[PDB]
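This document opens with one chain alone, in structure tokens, the form deposited in one PDB entry.
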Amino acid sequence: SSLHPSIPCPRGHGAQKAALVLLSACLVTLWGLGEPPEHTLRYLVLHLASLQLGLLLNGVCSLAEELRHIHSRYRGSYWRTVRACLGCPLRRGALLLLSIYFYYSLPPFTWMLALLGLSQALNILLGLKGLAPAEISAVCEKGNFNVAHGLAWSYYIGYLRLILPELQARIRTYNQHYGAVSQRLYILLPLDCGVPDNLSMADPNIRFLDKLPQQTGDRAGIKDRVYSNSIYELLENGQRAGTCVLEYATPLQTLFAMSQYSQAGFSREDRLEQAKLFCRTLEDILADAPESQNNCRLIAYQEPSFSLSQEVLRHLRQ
């Protein structure tokens, strides 16, 4: 993650290592207590059986609702709703049968089932089924259940994938008729999601020079949809120090606008997290993208002091 240190790296296997350490410590503790391994095995199996029964009860409770979306969300099939509510029915049934066998056999069952159902219903009604923020974040990053993922893939598929391949040609054509601009598209990634319309307001050293040859193409029923890129001059000590195609990442603006609107259910901490996730996902996409043949550079910064023109000049000279 060379963009900015504030970008979090993907979660690793620290939880599994801590779980292994905990398992070893618990085995050592059980050994020290002197309790026989048979009692430990029996009670552990009973605990796992109770967990499976709770899973079944919660799955039935969730099925009560999911059967209302059977046609809209599950193609009108009960089997798919069951599979979504409680995982694979075969595995769940096997585990439930084993639980019943090893509970009724190993040193009442209807009372235990009633108690577990009462506890599960209490958790459901009191809203105790909530998941911790870290668990939610891990699940979303694993399954890519993030707005930033879609925003990055739309920025690449919709704009970069169609602009980077035909950027050096435009820059050349511009140079032949004029200008000493670089041969890359520079994208600004403010982690604060500011994204002003005119760069001069962000830093008066950014001075617009002129446009590149517009790129026209049919897009989703829009005839001759136009892509335009502006050439900007970076000044140092009052004179010209650079000239480049510079632009802000548009999706970040959307993120900022999603935090303002209440209907979006989007907060400012969520805004920062999703901005950093967008930057990381975009960096990941461009690395394995044949379109980005070194034709683009990403500049991510966290506004503390500094100068945006200085950032661009440092990324240009170096």
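Note that residue numbering follows the sequence shown and begins at 1. We call the rigid core whatever largest set of C-alpha positions still superposes within 1.5 Å between the two forms.
Coordinates for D218 are absent from at least a third of the other compared entries of this protein that model residues on both sides of it. Unmodelled deposited residues between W79 and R80: none, per the record. The gap between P107 and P108 holds 4 to 9 unmodelled residues of the deposited sequence.
Below, we turn to the form deposited in another entry, even though it does not appear here.
Superposition on the rigid core between the shown form and the other one places the CA atom of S154 less than 2 Å from its counterpart. Relative to the superposed core, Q168 undergoes a C-alpha shift smaller than 2 Å between the shown form and the other one. Here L188 does not count as shifted, since its C-alpha moves by less than 2 Å between the shown form and the other one after the core is aligned.
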